[PDB]
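So the structure is just underneath, and the comments pick up after that.
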Amino acid sequence: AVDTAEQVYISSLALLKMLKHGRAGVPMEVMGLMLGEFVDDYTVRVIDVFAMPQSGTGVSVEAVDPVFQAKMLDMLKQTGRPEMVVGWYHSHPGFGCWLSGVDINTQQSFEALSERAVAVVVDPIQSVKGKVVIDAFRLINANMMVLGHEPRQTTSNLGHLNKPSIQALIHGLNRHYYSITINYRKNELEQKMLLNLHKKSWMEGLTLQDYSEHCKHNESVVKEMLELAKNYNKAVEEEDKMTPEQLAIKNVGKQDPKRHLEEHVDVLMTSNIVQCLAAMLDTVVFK
Amino acid sequence: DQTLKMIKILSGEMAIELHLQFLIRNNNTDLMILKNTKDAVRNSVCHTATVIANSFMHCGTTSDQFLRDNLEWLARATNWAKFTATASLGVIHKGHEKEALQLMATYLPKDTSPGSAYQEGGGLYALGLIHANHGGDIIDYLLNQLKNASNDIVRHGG
Amino acid sequence: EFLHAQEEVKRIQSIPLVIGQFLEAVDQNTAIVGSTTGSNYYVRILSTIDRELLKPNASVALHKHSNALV
Amino acid sequence: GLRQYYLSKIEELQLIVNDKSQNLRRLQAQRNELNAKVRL
Amino acid sequence: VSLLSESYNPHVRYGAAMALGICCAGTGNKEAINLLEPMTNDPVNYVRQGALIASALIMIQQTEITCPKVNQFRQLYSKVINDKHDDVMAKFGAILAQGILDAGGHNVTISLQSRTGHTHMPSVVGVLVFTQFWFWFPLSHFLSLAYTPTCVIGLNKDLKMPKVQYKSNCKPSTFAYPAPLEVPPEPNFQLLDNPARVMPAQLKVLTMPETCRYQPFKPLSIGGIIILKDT
C-alpha cells in the first residue's frame, strides 16, 4: 500500500519545458512524456520531459506512430545517460486540474507496466507569476469505490496540507484518483545561475538621460501639479462636513487630489536625485 | 552499606521500581474515555490515534486491560500501526526489567514469523523505551541482533 | 511579501471572461452590476482596481462561474 | 553616601523605558495594521 | 509570541502555538491560555491541531482551581472528536490530548526543571524529539522521558516503608480528583500515606509531621524520596 506522503520531487529543469510546450499550443490539450529516475516506494524523481507529434480534436487528443518514441529514447541514452519513463503529463488549457473521462483512460493504459506512472496536469493560463497550478495525480481503484472502503492508509502528517479546489472536486476527485504534494529540487548548480543571469544590465545608469529634456520633463509634471494642488486647495476646504466615510463612496467617479498629489512627488524626486547624483560622479571619475 | 552505597545512589534503581510501586498503587483512569472514542471506526488515522492515547496515559503501569479487550480492531490497521502497536507495549511497561522479554515472547522475531515484520521488528524499539538511561545487557542484546538481521524494518526499531 | 501577494490576486483575471456594466455601489468595496445576459447582480469587487475609474456607465469584466467584479 | 548615588542611576535609567516603549507602542501598532492588510 | 499568533502564514501561526506549549507547560498560565482561546478557531486545520496539544501541555494535573479553563476544555476536546464533518487532522489533536491530560492517572507530569536550577536533560531531549510528529508518527513516541512523577515518598532504612500521616493548611479544594461520571463540613486535614501524589504548588500548603512517631531530618521542600528519621 501507500502512505499518502508520496512527495514527488521533480526538478528545476523540466517545468520550463512543461510550460513552453504547454503554452505554445495552449487551447489544444498538448501532452508528452516524463523521463525520470525511480527511488523507493515513497518518493519518485522526474528529471527530464519530452513531447511527441500528436493529433487532436476539441475534446480528445491522440498520439501518432510509436517509432518516434523508441528512436527518441535511444538518442537520449547515448547522449547524457539513460533513464526510464516515470509517467506522462497533459495540459488542460484554462480549466484547472482534474482527470477527465478520456484523461483517465490512457492513464489506465500506463499504470499497468509500472504501477507508479505519475499523471501530471499543467495549466499555462491560471499560472500568473506565482502559483503555477500543477497538482499531480494518480488513480485509485474503482473496485474499492464499490467496496465503500477508504484507501491509502494515512500514516504521516503530510498529505492533508493542500486543499483541493471545488471544481476538481466536482470531477473524479475523490472517487477515482488522489492528489500528491510536491516541491522543487533546488541547488546552487542551477539556482545561483538563473538569478545572476536573467535581470542584468551594463550601462543603464552610468549614462545621463536626454539632458535638455530631463529638465524639460521637470516641467511636464509640475505644470499640472499646480492645478492638481488647486484641487488640493479645494477638497480639504469641504471638510468638517458629511462624515468622511461618505467621502469614500462618493468620490469614485473622479480623481481625488490627495492620493494623486503624493504620486508625482515620488516621481519628481527619483527622476531628479538619480540624475543629479549620476552626473556628479562623472566629474570625479572622468578626469 | 558504604560499600553498597555506590549501587544505591548511582544505579538509582530504588527510584525506578519505587516509582513503579507508586504507579501500581496509584492509577486513577477510565475505560469509558477510550470507549467514548471507540465510535470512530473507519480506515483513518484513528487506529493509530487511540493506541498513542492509552500509551501516554498509562506510562510505566503495566496495565494491559485497555488493549486486551479485543484483537481485531487492534489488528485492523497494518504496516505501521503494527509497528506502533508493539511500540506502545514498552511505554506501558516503562522502567521494569522483568516484564520486557517475557510478555514480548510472542513478539520475538523468530518465534511466530508472520507476514508483518513490523509487528516483530518494532519490539526492539520498545526494549529501548523501557531501559532508557539504563544500559546493560539491553545495550548488547540489541547490539548483537543488529549484526545480522533483515532490512531497515527491524533496524528502525533496533 | 505584500508585493508578492499584490500580484498573486490576478489569477482570477484569466481568459474565460464575461462583460457586464457598472450600475451603482451600496458601500465601500461592494457594487451592483448588470451583465449582458440581462440579469443584474449584487457582486463583490476586486480590491486592486482604482475605484475612481468607475461610473459614467462603465464597462466591466465579470467572472465566468462565480460572476463577481474582475 | 554610596547607595545615595545609586538612586540617581535607577531613576534616569528608567527615562529610557518610558519613551523607547512609547516608540515600540507606536511601532508595534504599525505592523498590526500592515498584517491586517496582507491577510485580507 | 502574542504578536506572532497573527502572522500571515499558518506556519508561523502554528509554531507560535507550540512556543507557548513548550515554555509555560509546567504552569497553569493565565496569559498563555488567554492567547490560545481564539487559536482553535482558525480555518487552517493544523493550527487548530497544535493549539490543542498546546492546550494539553498547559494544564496537566490541574483541576478547575489553578485556572477555570480546565473543564472548559475537557468539554472542548469531546466537542470536536464527536463531529463527523471535522477534519481527520483537526480531530487528531483531541484524541492525542486525552492521553496527555490524564497521564498516568494524574501521577506523572512534565518537568524541564529541577528545584536546584538545573534542567532535566532527558526531558529536554524528550520534548524536542516530540516536536517531529509530522515527518514520522512514532518519532514523537519519545515522550516518556518528559513524564516525571510528583509524589513525596517517606523512607527510614534502605528498604522499610514508614507509616506517617500529615495534613494540609490552606484551602482544601486544590486537592481534587478527575472524578469520572460512569453513566450506564470540609477537610484541610487530609491524611496522606507514603506514596502520596501532590501538586508542586501544594508543597507549601501541607503540614510537617509533628505528632507522629516519624520526623523528617530534612526541610521538606522537594518531592521524591527523603529520609524520615524515626523519633
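By the numbers in Swiss-Prot, the shown part of chain A spans 24-310.
Heads up, header says this was done by electron microscopy, 3.2 Å.
Cβ atoms here come from the backbone N, Cα and C positions, even for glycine.
For the domain 'MPN' (A:31-166), DSSP puts the residue distribution at 33 helix, 38 strand, 65 coil. If you look up Swiss-Prot, you'll see A:31-166 marked as domain 'MPN'.
Neighbour density for A:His113 (Zn(2+) binding site): within 10 A of its CB lie 21 other CB atoms from the protein chains shown. The feature Zn(2+) binding site is assigned by Swiss-Prot to A:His113, A:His115, A:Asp126.
Per Swiss-Prot, the feature motif 'JAMM motif' maps to A:113-126; the stated evidence is sequence analysis.
Positions annotated as phosphoserine by Swiss-Prot: A:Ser150 (among others).
As annotated by Swiss-Prot, phosphoserine applies to A:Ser224 (among others). According to DSSP, A:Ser224 (phosphoserine) sits in a coil region rather than a helix or strand.
Sequence-distant neighbours of A:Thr266 (phosphothreonine): no residue of the same chain at least 6 apart has a C-beta under 8 Å from its C-beta. A coil conformation is recorded for A:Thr266 (phosphothreonine) in the three-state DSSP classification, outside any helix or strand. The phosphothreonine annotation in Swiss-Prot covers A:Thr266.
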Taking the centre of the Cβ atoms of A:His113, A:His115, A:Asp126 as the Zn(2+) site, the remaining residues of that chain with Cβ inside 8 Å are A:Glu52, A:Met54, A:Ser114, A:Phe118, A:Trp121, A:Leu122, A:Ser123, A:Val144
Between A:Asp126 (Zn(2+) binding site) and A:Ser224 (phosphoserine), what C-alpha distance do you get in Å? 45
Counting distance between Cα atoms, which of the recorded positions A:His113, A:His115, A:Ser150 is nearest A:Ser224 (phosphoserine)? A:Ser150
If you measure A:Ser150 (phosphoserine) to A:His113 (Zn(2+) binding site) at Cα, how many Å is it? 15
Would you mind ranking the modified residues A:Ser150, A:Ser224 by how many other Cβ atoms sit within 10 Å of each Cβ and giving me the lowest? A:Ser224
